[PDB]
There are 6 protein chains.
Amino acid sequence: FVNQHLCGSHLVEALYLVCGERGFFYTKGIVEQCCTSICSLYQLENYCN
Amino acid sequence: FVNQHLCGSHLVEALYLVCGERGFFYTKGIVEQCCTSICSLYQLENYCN
Amino acid sequence: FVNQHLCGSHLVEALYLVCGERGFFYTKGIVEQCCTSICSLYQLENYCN
Amino acid sequence: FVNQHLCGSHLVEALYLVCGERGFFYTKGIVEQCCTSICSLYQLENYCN
Amino acid sequence: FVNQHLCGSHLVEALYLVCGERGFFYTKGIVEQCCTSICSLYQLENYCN
Amino acid sequence: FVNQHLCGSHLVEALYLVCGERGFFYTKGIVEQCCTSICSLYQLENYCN
Ligand SMILES: [Cl-]
Ligand SMILES: [Cl-]
Ligand SMILES: [Zn+2]
Ligand SMILES: [Zn+2]
């Protein structure tokens, strides 16, 4: 599960893009949620600060 | 500021690489510190949660 | 621009995250808009086909 | 269905690099071609505008 | 194969960040190593110039 | 210089896409060449192992 590491890298970019200036909180956590099936941008707005 | 937005993208990848499994909190306060001047990996490690 | 070439790299990534399977058209003109001032994800969905 | 999404993220960067000033067209479909099997940079030029 | 190819992309970004101005070296021998099991920042320092 | 640092990140991505499995030696001289002026795909192949 370098697979997990790789997914996590993309997830933080996606979080960055969705959340913008409010920023976000990153925990794996989230990755466990979003690396099995794709999380929508709508779903990602949920992890913004 | 398109420039900070671009820099922020690199900054969140760097934070992800350093913090890894610990995860982290991303805020404007880190962007202002590390996208005005370059932060070492040692410094970013201080923002890992 | 040196700036536009790098900015374009980030822009195509944002377009991909936003448009997903719908896909998109990248045209150098999308860059003239979104690399001078920041385009929101909402704005970018407009370039999804 | 994350492996494909992760791959698609890299493919658009490759397209960006190969096509340059020409721009390119991105489609589900191009990803199934180039994320099932590795496409050479030569192959990718086919997707440039 | 595509996964290894993709993983290598993340590996060189990690090496760039870890090595900084020293620069770095990699081979498809090192990519195989750090993409089968995850390499620490410490292990990655081994590939700096 | 933060812009040199950021450009360098994109350059390694490009070098990797071009060199793939062959690998490369990444040094200051290459960032000075390809981050002051844009390097073509042919120019990048010059740095592959
Ligand atoms: Cl940049
Ligand atoms: Cl990946
Ligand atoms: Zn990836
Ligand atoms: Zn950049």
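Below, chain A is the first sequence line, B the second, and so on; all start at residue 1. Hydrogens, waters and symmetry mates are skipped; everything else that's a heavy atom, side chains included, is used.
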D:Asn46 side chain to D:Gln43 main-chain N or O, any donor-acceptor pair under 3.5 Å?
yes
- Query: Is the shortest side-chain N to carboxylate O distance from A:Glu45 to A:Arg22 below 4.0 Å?
  - Reply: yes
Q: Consider only side-chain heavy atoms of I, L, V, M, F, W and Y, link residues closer than 4.5 Å, and tell whether F:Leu6 and B:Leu15 are in one cluster.
A: no
Scanning both residues in full, the closest heavy-atom pair of E:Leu41 with B:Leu17 reads CD2-CD1, 3.6 Å
Between F:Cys34 and F:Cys7, does the SG-SG distance stay under 2.5 Å?
no
Margin query: Checking A:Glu13 against B:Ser9: is there a side-chain donor and acceptor pair closer than 3.5 Å?
Written below: yes
Practice task
May I ask you to decide if D:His5's main-chain N or O and C:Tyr16's side chain share a donor-acceptor pair within less than 3.5 Å?
Solution key: yes
Does some side-chain heavy atom of A:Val31 sit less than 4.5 Å from a side-chain heavy atom of A:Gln4?
no
query: Which of parallel (below 30°), tilted (30 to 60°) and perpendicular (above 60°) describes C:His10 and F:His10?
result: perpendicular
- Query: Sub-3.5 Å donor-acceptor pair from the side chain of A:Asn49 to the main-chain atoms of B:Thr27, do we have one?
  - Reply: no
Whether over 12 other heavy atoms sit under 6.0 Å from C:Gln33 CD = yes
task: Inspect the contact between B:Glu32 and B:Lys28 and indicate whether a charged nitrogen and a carboxylate oxygen are less than 4.0 angstrom apart.
output: no
Q.
Counting the benzene-type ring for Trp, do E:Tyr26 and E:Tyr47 have ring centres under 6.0 Å apart?
A. no
How about E:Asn3 and E:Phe1: do any of their side-chain heavy atoms sit closer than 4.5 Å? no
Discussion item. Can you tell me how the ring of E:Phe24 sits relative to the ring of F:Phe24, calling it parallel under 30°, perpendicular over 60° and tilted otherwise?
Written reply: tilted
